[PDB]
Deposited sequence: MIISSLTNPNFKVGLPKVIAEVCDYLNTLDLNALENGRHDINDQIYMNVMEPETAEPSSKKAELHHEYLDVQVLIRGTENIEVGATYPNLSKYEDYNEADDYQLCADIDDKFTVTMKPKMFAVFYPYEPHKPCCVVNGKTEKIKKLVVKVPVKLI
C-alpha cells in the first residue's frame, strides 16, 4: 500500500506511472466543488466522490478487491482507515461480489490505522484489506484503476 500526499512536491518518487498521472490530474481539479457521484476519467478509470460520515469500526466490514486498485483521497475533514499490510486469510472472507469487485470480512489481521488529512492519499492494491471512513462527516474520493494498468 502507498500513503502519501498530493501536496508533497516529491510524492511521485516511486509511484507507478499510472498512479502518478491520476494524481497529477487530481491536482488540476477544484476538489472542493467536485459533485457527489461517479466521474469518468478514461475509458478505464473512473472515480466516485462522496460525503459519507465516519462510522465506528465495529459497525462496518473491511474490504478488498481483485481487479482494481484504489487511490483514496481525503478532501475535507479527517478520516481513519484501518489497513493490513499482510496478505489476508481469504478463507475468512465473504463471497466475492463480482459486479462491485470486492469481498468483505469482519476484521483485519495485523491491522493498524492510517489517519488521513486533506490531500493525503492512500493506494491499496488488490487483496489489500481496508476499512475506510472510521471514527462526524467528510468529503473524499476514490479512484478506481484496473491493476492490469500497473
{"property": "Ranges missing from the model, given as deposited sequence positions", "result": "136-140"}
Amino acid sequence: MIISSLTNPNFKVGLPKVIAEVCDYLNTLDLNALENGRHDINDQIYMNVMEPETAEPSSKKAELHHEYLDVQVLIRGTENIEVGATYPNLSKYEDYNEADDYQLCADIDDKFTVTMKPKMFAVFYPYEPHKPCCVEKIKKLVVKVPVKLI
From here on, numbers count along this sequence of modelled residues.
property	result
Of 66-74 and 37-45, the one with larger mean CA B-factor	37-45
Mean C-alpha temperature factor, higher of 55-63 and 110-118	55-63
Given 105, 85, 81, 29, the residue at which the Cα B factor reaches its maximum	105
Given 140, 137, 130, 17, the residue at which the Cα B factor reaches its maximum	137
Ranked against its chain, the third holding the CA B-factor of residue 147	middle
